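Engineer: I'd like to ask you about the structure that follows.
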Amino acid sequence: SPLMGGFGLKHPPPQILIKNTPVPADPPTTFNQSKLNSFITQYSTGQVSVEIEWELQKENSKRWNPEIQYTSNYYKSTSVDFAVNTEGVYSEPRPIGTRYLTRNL
Amino acid sequence: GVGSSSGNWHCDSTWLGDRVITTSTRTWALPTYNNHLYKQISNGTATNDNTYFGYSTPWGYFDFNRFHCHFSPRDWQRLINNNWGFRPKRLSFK
């Protein structure tokens, strides 16, 4: 199990390598064996979609009293947590763990 | 039969899709009320706002008209933290 947390996979999601294909600038009109180092300055943009299906383990608990749940703070604040501020900057105010429900050992 | 149970204890809550089935069993004790009599009961002028005329009966009655009769606090948390609404559909009483 990976030490910084998560799922250890023998065959994880493969690395997806992307590169702009080099587009040479105008080569000389006399042949030169040297590799071309004059390239058209270039960048690419696009959209990337990743869809992950997760399987869930539903809690089947006979605990009587209410559990601890992750909740947003009810009290007023200058900005909404996990939202943008007045400058458009999205921020994550705290690290949300995963362990809130309880099980017996 | 005298020596055979007429029912089992059924306290549970099963969450299945868009339904939750709460079942609750309790032990009750019913005394004899009013010495088996119907009694006229009244209250006069007490202020006029609190006057009444009615009848006390020798009968008891079963009440389960509170949510905690059916939902454990954890079940209530499950309901209120995850659902925009709920409504009763059917009941069985034993």
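We label chains A, B, ... in the order they appear in the structure tokens, count residues from 1 in each chain, and number ligands from 1 in the order shown.
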If we count only C-alpha atoms, which residues of chain A reach to within 10 Å of chain B? Please list them as an mmCIF file with N, CA and C atoms, in the first residue's frame.
Structural biologist:
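As written to disk, result28.cif reads:
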```
data_model
loop_
_atom_site.group_PDB
_atom_site.id
_atom_site.type_symbol
_atom_site.label_atom_id
_atom_site.label_comp_id
_atom_site.auth_asym_id
_atom_site.auth_seq_id
_atom_site.Cartn_x
_atom_site.Cartn_y
_atom_site.Cartn_z
ATOM 1 N N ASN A 60 -22.831 -0.614 6.755
ATOM 2 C CA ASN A 60 -23.923 -1.399 7.314
ATOM 3 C C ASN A 60 -23.687 -1.471 8.819
ATOM 4 N N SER A 61 -24.146 -0.443 9.521
ATOM 5 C CA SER A 61 -23.786 -0.221 10.911
ATOM 6 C C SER A 61 -25.028 -0.206 11.787
ATOM 7 N N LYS A 62 -24.925 -0.837 12.950
ATOM 8 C CA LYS A 62 -25.990 -0.831 13.938
ATOM 9 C C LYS A 62 -25.721 0.153 15.061
ATOM 10 N N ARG A 63 -24.774 1.062 14.862
ATOM 11 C CA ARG A 63 -24.516 2.123 15.822
ATOM 12 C C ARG A 63 -25.780 2.936 16.061
ATOM 13 N N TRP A 64 -26.078 3.198 17.331
ATOM 14 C CA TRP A 64 -27.305 3.903 17.673
ATOM 15 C C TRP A 64 -27.125 5.413 17.589
ATOM 16 N N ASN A 65 -26.068 5.934 18.200
ATOM 17 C CA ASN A 65 -25.849 7.365 18.245
ATOM 18 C C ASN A 65 -25.365 7.875 16.890
ATOM 19 N N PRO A 66 -25.569 9.160 16.603
ATOM 20 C CA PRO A 66 -25.146 9.698 15.306
ATOM 21 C C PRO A 66 -23.640 9.622 15.120
ATOM 22 N N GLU A 67 -23.234 9.445 13.869
ATOM 23 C CA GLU A 67 -21.831 9.377 13.512
ATOM 24 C C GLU A 67 -21.244 10.775 13.357
ATOM 25 N N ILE A 68 -19.921 10.832 13.334
ATOM 26 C CA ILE A 68 -19.224 12.047 12.938
ATOM 27 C C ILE A 68 -19.286 12.161 11.423
ATOM 28 N N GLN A 69 -19.643 13.338 10.938
ATOM 29 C CA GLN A 69 -19.748 13.589 9.513
ATOM 30 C C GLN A 69 -18.920 14.811 9.168
ATOM 31 N N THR A 71 -18.742 18.234 7.653
ATOM 32 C CA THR A 71 -19.739 19.257 7.406
ATOM 33 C C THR A 71 -19.039 20.586 7.188
#
```
Engineer: Determine, counting only C-alpha atoms, which protein, DNA and RNA residues have an atom within 7 Å of an atom of residue 53 in chain B; residues of the same chain fewer than 3 positions away are not included. Present the result as a list in words.
Structural biologist: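 Near residue 53 in chain B, the qualifying residues are residues 41, 42 and 43 of chain B.
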Engineer: Could the residues in this selection be saved with C-alpha atoms as a PDB file, in the first residue's frame?
Structural biologist:
```pdb
ATOM      1  CA  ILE B  41     -64.786  14.609  32.811  1.00  0.00           C
ATOM      2  CA  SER B  42     -65.214  18.369  32.859  1.00  0.00           C
ATOM      3  CA  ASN B  43     -63.565  21.631  33.812  1.00  0.00           C
TER       4      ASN B  43
END
```
Engineer: Could you pull out the residues in chain B that DSSP calls helix (DSSP H, G or I) from the backbone, as a list in words?
Structural biologist: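 These are the residues in question: residues 34, 35, 36, 48, 49, 50, 67, 68, 69, 73, 74, 75, 76, 77, 78, 79, 80, 81 and 82 of chain B.
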Engineer: Give the strand (DSSP E) residues of chain B, as DSSP finds them on the backbone, and put them as a PyMOL selection string.
Structural biologist: chain B and resi 12-16+19-23+39-43+52-56
Engineer: So how many Å separate CA of residue 85 in chain A and CA of residue 72 in chain A, to one decimal?
Structural biologist: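 About the pair CA of residue 85 in chain A and CA of residue 72 in chain A: they are 16.7 Å apart.
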Engineer: Please provide as a list in words all residues within 12 Å of residue 7 in chain B, with the sequence filter that same-chain residues fewer than 4 positions apart are discarded (counting only C-alpha atoms).
Structural biologist: residues 1, 25, 93 and 94 of chain B
Engineer: Please list as a list in words every residue within 12 Å of residue 18 in chain A, counting only C-alpha atoms and excluding residues in the same chain fewer than 3 positions away.
Structural biologist: residues 15, 21, 43, 44, 45, 46 and 48 of chain A
Engineer: Give the answer as one residue: which of B:3, B:18, B:23, B:56 has the shortest atom-to-atom distance to residue 85 in chain B, using only C-alpha atoms?
Structural biologist: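 The shortest atom-to-atom distance to residue 85 in chain B comes from B:18.
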Engineer: Within 12 Å of residue 62 in chain B, counting only C-alpha atoms, which residues show up once you throw out same-chain ones fewer than 3 positions away? Write them as a list in words, please.
Structural biologist: residues 26, 27, 28, 29, 30, 59, 65, 66, 69, 93 and 94 of chain B
Engineer: Could you please determine the separation between CA of residue 13 in chain A and CA of residue 95 in chain A in Å, to one decimal place?
Structural biologist: 24.4 Å
